[PDB]
J.: 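Would you mind keeping the following structure in view while I ask a few things?
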Amino acid sequence: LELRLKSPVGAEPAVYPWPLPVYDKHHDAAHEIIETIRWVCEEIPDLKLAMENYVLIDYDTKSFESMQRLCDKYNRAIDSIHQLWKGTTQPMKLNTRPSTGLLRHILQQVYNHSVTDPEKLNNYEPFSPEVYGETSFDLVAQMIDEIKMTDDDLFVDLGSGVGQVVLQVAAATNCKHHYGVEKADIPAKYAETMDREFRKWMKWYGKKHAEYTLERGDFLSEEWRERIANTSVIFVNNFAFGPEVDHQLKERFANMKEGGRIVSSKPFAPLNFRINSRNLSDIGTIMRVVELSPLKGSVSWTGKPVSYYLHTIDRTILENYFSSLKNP
Amino acid sequence: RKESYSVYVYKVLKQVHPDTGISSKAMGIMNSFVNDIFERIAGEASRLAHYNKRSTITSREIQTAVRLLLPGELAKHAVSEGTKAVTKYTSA
Amino acid sequence: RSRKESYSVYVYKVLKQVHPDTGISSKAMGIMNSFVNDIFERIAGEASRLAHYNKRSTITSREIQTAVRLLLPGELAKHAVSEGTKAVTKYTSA
Amino acid sequence: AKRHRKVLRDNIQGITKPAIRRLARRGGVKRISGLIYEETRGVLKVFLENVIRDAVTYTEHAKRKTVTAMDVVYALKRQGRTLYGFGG
Amino acid sequence: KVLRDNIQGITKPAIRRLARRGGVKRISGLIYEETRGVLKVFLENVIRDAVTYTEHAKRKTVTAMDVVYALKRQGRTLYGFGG
Amino acid sequence: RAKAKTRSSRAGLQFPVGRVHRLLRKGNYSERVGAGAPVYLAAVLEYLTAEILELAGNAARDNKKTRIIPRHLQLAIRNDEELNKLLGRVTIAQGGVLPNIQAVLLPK
Amino acid sequence: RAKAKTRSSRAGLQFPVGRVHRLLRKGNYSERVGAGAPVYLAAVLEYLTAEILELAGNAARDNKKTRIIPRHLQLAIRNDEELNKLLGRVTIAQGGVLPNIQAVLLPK
Amino acid sequence: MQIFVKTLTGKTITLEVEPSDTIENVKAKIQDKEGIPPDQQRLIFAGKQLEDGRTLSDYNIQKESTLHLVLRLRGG
Amino acid sequence: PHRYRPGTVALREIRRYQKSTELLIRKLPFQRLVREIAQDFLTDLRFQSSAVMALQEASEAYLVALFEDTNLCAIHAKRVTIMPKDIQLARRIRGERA
Amino acid sequence: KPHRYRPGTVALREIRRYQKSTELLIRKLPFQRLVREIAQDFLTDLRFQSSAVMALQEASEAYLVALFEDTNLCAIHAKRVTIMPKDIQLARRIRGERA
DNA sequence: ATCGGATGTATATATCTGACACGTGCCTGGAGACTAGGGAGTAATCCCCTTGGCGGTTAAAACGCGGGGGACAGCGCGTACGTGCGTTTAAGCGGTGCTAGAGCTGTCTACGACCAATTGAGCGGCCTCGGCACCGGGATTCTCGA
DNA sequence: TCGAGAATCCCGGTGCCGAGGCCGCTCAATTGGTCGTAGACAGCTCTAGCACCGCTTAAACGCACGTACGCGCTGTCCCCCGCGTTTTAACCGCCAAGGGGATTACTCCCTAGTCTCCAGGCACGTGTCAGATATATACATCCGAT
Ligand SMILES: C[S@@+](CC[C@H](N)C(=O)[O-])C[C@H]1O[C@@H](n2cnc3c(N)ncnc32)[C@H](O)[C@@H]1O
């Protein structure tokens, strides 16, 4: 009726009901469990030697005993090497961030247990700012590696959706506190389930993340003018926001500090921005825009590569414009 | 008592190139340019109000007529230029 | 709910005067409706532009006539002018 | 579950080699180089994504989510190509 | 007062001068009667439309705007004469 | 009063003068519409539709058909020199193309 | 009452909003004209004229001139990829052509 | 007597009628109680298409009979 | 055995398809092509079935008329086979690639 | 014994001369006579503003120069350097004029 | 050029379905009659600008000679495309079912047309200086024959 | 590989007319109300678009041979380019005359608008024949062989 796994780092055990939560046509998530064992197999790189002699790649998951030969034995044969829990060497420190392969598995696993009907995410007004789309694991990993977040930056995702972007950032960056705000009620409802489920599968592997908060709200409100300007790095997926609210975001971004980073789907400033007397109040005056390297499967609504752009606030460009306006 | 855009084209030079001029032969080409894209945008926005059985041309019909007529990056920066002027007109 | 309008009654009357034994399919009648609506918008759009060039606010049969000369090629424009003036002189006589 | 959209991926292959022969036979060509088919899949790639996008943007102006037969007519007839029989 | 054979006033040096703004570096001898036939067909189409704009205005003078209007409805719109 | 006569019947036409007059008023073409303008325009549209149905009914007879199919409209327009100038930028659905093989391609 | 402000000044524009609003009313485009429609349209026309005068003033500087001549408008439009798409069917009087020799024609 | 007018949507209504009432009178009473116009109704009795000129007793309709309502619409 | 010479069956297919009016692309791969170009607009689109037939009728009329001009460019160069530089020379004179 | 350029050198020098200038290349009085004799077949005594004859010439210059650009592409496509009458006919056929 | 085998193709008759074409009732849009107001027809007048002619200067067109480069035909070779046969992939079809969204009606309010009064922006005319065109004289470069 | 020679760019001067700034003055845009209706919005309904299913088989895919076409090479020759002399007429500047473009005033007849009315065209239903299909046969077309 159920089947249980035990944590290596002493956390609460897991639950898998025998009326299985099959999700798509064929991933039929016992593949979730047999791949969950393989990441705890090397944490701790000695489950492969502790469990070589009897197991092999096995089909026929429709029987209850095929998991049962694998799962309670995993609750049992863990103690062939867990038994060193006392006396001379502790297990792994909880202050470890996961690898990119482990983090990809946890974020896929937290997504499967959280969203129940992903076709509900398509319930929006057409061509509105509230359309839904996602950024893949590979672009956010590109985004984290091509900004350089120090130990004092603050990350905010405007329009966080279900919140999978801030979970990858909070588990791959040593910063203070991260935020995500979402207006639409359907992905913000899944974001609360996504919030709880990320934490309990994070102590289960025994890994730390930075602290975060997923909120409901509208970032175009007066509460958010003060706290957009006080953050260091901003992620936003503005692909279908439209020009009326992209114009509103520019006059919130104009109060950011020096070295303020902005990663967006569409640019807030041209790549070939020439400054003259006609566009001195534009936001491209005070920022430098570069296009990141595009990768395959970068977004979730199309298959072709969509490239996101990087914005860096510097108020040393308009001065260099003013440093050649005087002597001729 | 005949009108043109020559006063207004000459103001846009001094913002862009503050120490160049135009000849009068090329000012007349700039007046032919402004009248041409006036009747392209207003002609396409007239059909958009008629396809949807509306009787009013608003700033939304001008916006989607710009997106039909201008190519690529011209349409991106004319839409952001037009929405900046409308939101400044309605907040003043 | 709203009822439609087309030229299908009138295309079928012209066909019986020209070929009184042939018929027409419904997909060919939909092309003849697209043809009449296309030539309407060309003539009325050009005649609208002639009244604006000459600073007039009315469209008369003089402006439909010169829009037919601008749009139709050589012998089509010759016979369509003669068909149009024949109808107006019959209309205004009685 | 997974996911909110099933992404269609290639679909230009799609327009196959014995379908380009038998578009060129109506054009009246007798012999065809082997490099035509990749050239022809790129033209019908540029075309038909100029028609769509100019077909959509008539759909978003009508607030309407469903691109109809009109707005394909009006997409064509804007690019200088008038299509009869769908029907305006 | 009757005026005839003026395509020959468009000479071989003038057609050769037009081809070299077009980027042609060598010209066969049979081009020059082709170019006079193409230019006659082009001027007949524009003047026919320009005269029927000035007949409708009940004038006897072909103005520059009649030429600009005639060129615009052939796709060949032209800046610099009042349009 | 007297029994109503349609404006198509007193002009001697088949196309509706009153419907064309309404479409000119509701089409934003001018502020004002003359009385002879829908009579003139309905006579031109009736003339142009009588030429295509003349030539397409001849094309339907050459294929031993008694109905006009969109192929017969295509064969009528493309074989007439002046209907091909009007409808040169027009594509007709299910119309096909004229049979035309270049003479170089024919075998020796 | 208060001193009059033009609609171009409160929109932050250089082109006349009130003249564009009159040309939309007197052009037979629709029965009715919204209030933001001449503000939006005058901003697009001011943007497009600022791009040509940007590029034509650069072309006048490359020939060491301080005035814009119709040649400089021709060189600006034909060397910009997107201005060449708008004005591809447009001929400019006394504009000339771009210098372009095919590479086959150059001597060996 | 009463009849049952079943729709194609799943709605079966109870209408108090008389055998002298025509099908034109049946199509007039549904507009009185449901708002459906008379040009949008087709009636079914054992596979027949009922005509407005004849009455209910001309088609041998017993009380508590199931009449089906095919929804015609002006266009499509 | 029996075997036609090359060019004979090809001319037989000129006469076959210039006589018919049918669509020559398969309908489900074309519809699947249309729905994946429209994925670039983020939002969900629905495509009334008469609109996909209007796109296919126009795309095939575009390509058949392009192979007619492509064929004239190959005959001009004293060739009988069409070649990718014939498509590029036809689309440049037509005003498409420039 | 006199100086003598090889054939093709002066022609390339004339490509660069006339692609730099913006002047009209047809003589003005022979062009004006041609306009006045084509117009005799439409209306009997026309009057022709001098700006209208210059608008007709500026359009005819631009039509022919753009036609020789496409004519030149058809001659290179046939691996030639000379333009021939079949190059003009092919260029007008694809453009949609000769048909 | 002719001949026969084989493959395609046109020919004729049957049979069968669904779409054209006809008919009927009905409602809404076109027609008849009338009034009021202004668009344009009509005339008259002004003066701009088009036409016609003239003469002189000289740039450009025309004519011819001469020679080399390019068009064109022919030939030979190798490759890549057509033809056809066997294998394999998925299109097409028909049928079922859900549900959503496009179309519709009914309130209702805010937005734009209309109108009147007022003034400053833009237009016309006006000086006037400087950009640019012209002219000449110098250096630099390119083509061509060695 | 290098000197002659013919174009071409570069560096200054003179002269000028067209672009730029100033000013005076209407008239068109702004201000301010006001009214009525277009459009936004909520609710409701049911057509049609999406998705799934299994099956049949049309069509795509893959393979292999061979043929004919692309393409490169060579040689001929004539036609096109370059140049110099002569001839023609474009071009400029000027004068003169008058058709007709452009404007203004006046008034009339034509069109918008209104209400009443009624008949033509639309929706709906129904029946039959045109055309598609199939099969079998007749015959025209291609191609290897002689
Ligand atoms: C394209 S989704 C991005 C989801 C997430 N950032 C990701 O890439 O995985 C953009 C989201 O922004 C949200 N959004 C739009 N306007 C918003 C606003 N004004 N305040 C908060 N969220 C908003 C919409 O609900 C939409 O779901």
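Throughout, a chain's letter reflects where its sequence line sits, starting with A, and its residues are numbered from 1.
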J.: Could you identify the nucleotide paired to L:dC17, looking across every strand shown and requiring Watson-Crick or G-U wobble geometry with both distances under 3.5 Å?
T.: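 L:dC17 is paired with K:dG130.
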J.: Would you find more than 12 non-hydrogen atoms of other residues, nucleotides or ligands less than 6.0 Å from I:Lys19 atom NZ?
T.: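 No - once you tally the heavy atoms of other residues, nucleotides and ligands closer than 6.0 Å, there are 12 at most.
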J.: Could you state the atom-to-atom distance from CG of H:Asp52 to P of L:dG125 in whole Å?
T.: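 Atom CG in H:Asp52 sits about 12 Å away from atom P in L:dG125.
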J.: Short question: side chain of D:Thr59, backbone of D:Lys65 - any donor-acceptor pair under 3.5 Å?
T.: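 Not confirmed, D:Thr59 side chain does not pair with D:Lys65 backbone.
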J.: If you pin I:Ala10 and C:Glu5 to their nearest nucleotides in DNA chain K, which one's is more 5'?
T.: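 Result: C:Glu5.
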J.: Are a donor atom and an acceptor atom from the side chains of I:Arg46 and D:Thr66 found within less than 3.5 Å of each other?
T.: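 Looking only at side-chain atoms, D:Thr66 and I:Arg46 do not form any donor-acceptor pair under 3.5 Å.
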J.: Separation of E:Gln8 atom CD from L:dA89 atom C1', in whole Å?
T.: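 From E:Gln8 CD to L:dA89 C1': 16 Å.
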J.: Which comes earlier along DNA chain L counting from the 5' end, the contact point of H:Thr9 or that of G:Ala2, where each point is its nearest nucleotide?
T.: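 Its nearest nucleotide being more 5', the pick is G:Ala2.
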J.: Would you call the sugar of K:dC26 north or south from its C1'-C2'-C3'-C4' torsion?
T.: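 The K:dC26 sugar sits on the south side, the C2'-endo region.
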J.: Map E:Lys25 and F:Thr66 onto DNA chain L by nearest heavy atom, then report which one ends up closer to the 5' terminus.
T.: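 In this pair, the answer is E:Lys25.
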J.: Can you measure I:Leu11 atom CG to L:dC142 atom P for me and round it to whole angstrom units?
T.: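 To the nearest whole Å, that distance equals 9 Å.
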J.: Can you tell me the base-pairing partner of K:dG92? Count Watson-Crick or G-U wobble geometry only, both distances below 3.5 Å, and say none if there is no partner.
T.: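 Pairing partner: L:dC55.
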J.: Between the protein and nucleotides 4-15 of chain L, list every N/O to N/O distance that falls short of 3.5 Å.
T.:
unit_1, atom_1, unit_2, atom_2, d
L:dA6, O3', J:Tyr5, OH, 3.1

J.: Under 4.0 Å between any heavy atoms, over every strand shown, what does C:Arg62 touch: base, sugar-phosphate, or nothing? Just pick one.
T.: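 C:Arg62: no heavy atom of the nucleic acid under 4.0 Å.
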J.: I:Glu13 has an atom CD; how far is it from atom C1' of L:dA59, in whole Å?
T.: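 After rounding, the gap between these two atoms is 13 Å.
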J.: Is it the case that the side chain of F:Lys26 and the backbone of F:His21 share a donor-acceptor pair, with hydrogens and angles ignored and the cut-off at 3.5 Å?
T.: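 Side chain of F:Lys26 to backbone of F:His21: no pair is present.
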J.: Does a donor on one side chain and an acceptor on the other come within less than 3.5 Å for G:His72 and G:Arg67?
T.: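 There is no such pair between these side chains.
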J.: Could you state the atom-to-atom distance from CG of J:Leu29 to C1' of K:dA61 in whole Å?
T.: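 It is 15 Å, rounded to the nearest whole Å.
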J.: Examine K:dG4 and say whether its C1'-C2'-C3'-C4' torsion places the sugar north (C3'-endo side) or south (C2'-endo side).
T.: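 South pucker for K:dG4; the sign of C1'-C2'-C3'-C4' is negative.
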J.: Return the polar atom pairs (N/O with N/O) between nucleotides 97-100 of chain L and the protein under 3.5 Å, or none.
T.:
unit_1, atom_1, unit_2, atom_2, d
L:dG99, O3', J:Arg47, NH2, 3.1

J.: Dump the intermediate steps for side-chain hydrogen bond (donor to acceptor under 3.5 Å, both in side chains) on B:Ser6 and B:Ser4, then the final yes or no.
T.: CA-CA 6 Å; B:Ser6 296; B:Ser4 63; 3.2 Å; yes
J.: Can you tell me the pairing partner of L:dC9 across any strand shown, Watson-Crick or G-U wobble, with both distances under 3.5 angstrom?
T.: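 WC or wobble partner does not exist here.
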J.: Name the nucleic acid region contacted by H:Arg74, choosing base, sugar-phosphate or nothing; use a 4.0 angstrom heavy-atom cut-off, strictly under.
T.: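 Contact class for H:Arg74: sugar-phosphate only.
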J.: Return the pairing partner of L:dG127 with a 3.5 Å limit on both distances, Watson-Crick or G-U wobble; otherwise return none.
T.: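 Checking every strand shown, L:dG127 finds no partner, since no pair has both distances under 3.5 Å.
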J.: In this structure, how many angstroms lie between the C1' atom of K:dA133 and the NZ atom of B:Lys25, rounded?
T.: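 From B:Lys25 NZ to K:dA133 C1': 18 Å.
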J.: Just name whichever nucleotide pairs with K:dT15, Watson-Crick or G-U, keeping both distances under 3.5 Å, else none.
T.: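 Result: L:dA132.
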J.: Would you indicate what I:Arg32 reaches in the nucleic acid, counting non-hydrogen atoms under 4.0 angstrom: base, sugar-phosphate, or nothing?
T.: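 Sugar-phosphate only.
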J.: Quick check on K:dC108: from the sign of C1'-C2'-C3'-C4', north or south pucker?
T.: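 Because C1'-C2'-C3'-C4' is negative here, the pucker of K:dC108 counts as south.
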J.: North (positive) or south (negative) by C1'-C2'-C3'-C4': which describes L:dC118?
T.: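 South, since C1'-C2'-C3'-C4' is negative for L:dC118.
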J.: Taking the nucleotide of DNA chain K with the closest heavy atom to each, which residue, I:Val9 or D:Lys63, is nearer the 5' end?
T.: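 Closest to the 5' end, via its nearest nucleotide, is I:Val9.
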J.: For I:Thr81, does its backbone N or O pair with a side-chain atom of I:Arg79 as donor and acceptor, under 3.5 Å?
T.: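 Yes: the side chain of I:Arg79 pairs with the backbone of I:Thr81.
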J.: Is it the case that more than 12 heavy atoms not belonging to J:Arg13 sit under 6.0 Å from its CZ atom?
T.: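 Above 12, so yes.
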J.: Look at all strands and tell whether E:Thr63 reaches a base, only sugar-phosphate, or nothing, counting heavy atoms closer than 4.0 Å.
T.: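 Nothing: the residue E:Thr63, judged by heavy atoms under 4.0 Å, touches no strand.
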J.: Base, sugar-phosphate, or nothing: which does H:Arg42 touch, judged by heavy atoms less than 4.0 Å apart?
T.: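 Nothing: the residue H:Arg42, judged by heavy atoms under 4.0 Å, touches no strand.
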J.: Give one of base, sugar-phosphate or nothing for D:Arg22, where a contact means two heavy atoms less than 4.0 Å apart.
T.: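 Answer is sugar-phosphate: D:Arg22 comes under 4.0 Å of backbone atoms only.
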J.: Is the phosphate of L:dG125, meaning OP1 or OP2, less than 4.0 Å from a side-chain N or O of H:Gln49?
T.: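 Yes, such a contact exists.
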J.: If only side-chain N and O atoms count, and only distance matters, is there a donor-acceptor pair under 3.5 Å linking C:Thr60 with C:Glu63?
T.: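 Checked: C:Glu63/C:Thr60 side chains show no N/O donor-acceptor pair below 3.5 Å.
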J.: Students often get this wrong, so: under 4.0 angstrom with heavy atoms, is I:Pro1 touching a base, only sugar-phosphate, or nothing?
T.: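 Result for I:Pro1 = nothing.
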J.: Does J:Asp87 reach the main-chain N or O of J:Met84 with its side chain, forming a donor-acceptor pair under 3.5 Å?
T.: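 Checking the backbone N and O of J:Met84 against the side chain of J:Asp87, a donor-acceptor pair under 3.5 Å is found.
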J.: Counting any heavy atom closer than 4.0 Å, what does D:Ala19 reach on the DNA or RNA strands: base, sugar-phosphate only, or nothing?
T.: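 No contact at all - D:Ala19 keeps every heavy atom at 4.0 Å or more from the nucleic acid.
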J.: Could G:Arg25 and G:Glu31 be called an ion pair, given the rule that one side-chain N must be under 4.0 Å from one carboxylate O?
T.: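 Between G:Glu31 and G:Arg25 there is no salt bridge, as every charged N stays at least 4.0 Å from the carboxylate O atoms.
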J.: Just how far, in rounded Å, is P of L:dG20 from CG of B:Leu13?
T.: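 Computing the B:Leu13:CG to L:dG20:P distance gives 8 Å.
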J.: Which is true for H:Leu8 with a 4.0 Å heavy-atom rule: it touches a base, it touches only sugar-phosphate, or it touches nothing?
T.: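 Contact class for H:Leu8: none.
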J.: Is it the case that the side chain of D:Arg25 and the backbone of D:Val29 share a donor-acceptor pair, with hydrogens and angles ignored and the cut-off at 3.5 Å?
T.: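 Yes; at least one donor-acceptor contact below 3.5 Å.
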J.: Is there a donor in the side chain of E:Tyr32 and an acceptor in the side chain of E:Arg16, or the other way round, less than 3.5 Å apart?
T.: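 A donor-acceptor contact under 3.5 Å links the two side chains.
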J.: Could you tell me the Watson-Crick or G-U partner of K:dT7, where both distances fall under 3.5 Å? Say none if there is no partner.
T.: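 Base-paired to nothing in any strand shown.
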J.: Return the value, rounded to whole Å, for the distance between atom CD1 of G:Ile68 and atom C1' of K:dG131.
T.: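 After rounding, the reported distance stands at 14 Å.
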J.: Using the P atom on both, measure K:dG37 against K:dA116 and round to a whole Å.
T.: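 Looking at atom P only, K:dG37 and K:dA116 are 15 Å apart.
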J.: Hey, is the main chain of F:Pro38 close enough, under 3.5 Å, to the side chain of F:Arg7 for a donor-acceptor pair?
T.: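 Not confirmed, F:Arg7 side chain does not pair with F:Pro38 backbone.
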J.: Just checking H:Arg42: does its CZ atom have more than 12 heavy atoms from other residues, nucleotides or ligands closer to it than 6.0 angstrom?
T.: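 Yes, CZ of H:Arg42 has more than 12 neighbouring heavy atoms, counting only those of other groups under 6.0 Å.
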J.: Using a 4.0 Å heavy-atom cut-off across all strands, classify C:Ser6 as base, sugar-phosphate, or nothing.
T.: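 Since only primed, P, OP1 and OP2 atoms lie under 4.0 Å of C:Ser6, the category is sugar-phosphate.
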J.: On a whole-Å scale, what distance lies between the P atoms belonging to K:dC134 and K:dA59?
T.: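 It comes out at 14 Å once rounded to the nearest Å.
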J.: Which part of the nucleic acid, if any, lies within reach of J:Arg4 when heavy atoms closer than 4.0 Å are counted: base, sugar-phosphate only, or nothing?
T.: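 Base: the residue J:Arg4, judged by heavy atoms under 4.0 Å, touches a nucleobase.
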J.: For F:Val33, which contact category applies under a 4.0 Å heavy-atom criterion: base, sugar-phosphate, or nothing?
T.: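 Since only primed, P, OP1 and OP2 atoms lie under 4.0 Å of F:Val33, the category is sugar-phosphate.
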J.: Could you tell me whether G:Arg10 contacts a base, only the sugar-phosphate backbone, or nothing, with contacts defined as non-hydrogen atoms closer than 4.0 Å?
T.: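 Counting heavy atoms under 4.0 Å across all strands, the contact made by G:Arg10 is with sugar-phosphate only.
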J.: Quantified in whole Å, what is the P atom distance between nucleotide K:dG95 and nucleotide K:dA19?
T.: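 Nearest-Å result for K:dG95 against K:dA19 at atom P: 16 Å.
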J.: Taking only N/O atoms, report every protein-nucleotides 120-122 of chain K pair under 3.5 Å with atom names and distance.
T.:
unit_1, atom_1, unit_2, atom_2, d
K:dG122, OP1, B:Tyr8, OH, 2.5
K:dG122, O5', B:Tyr8, OH, 3.2

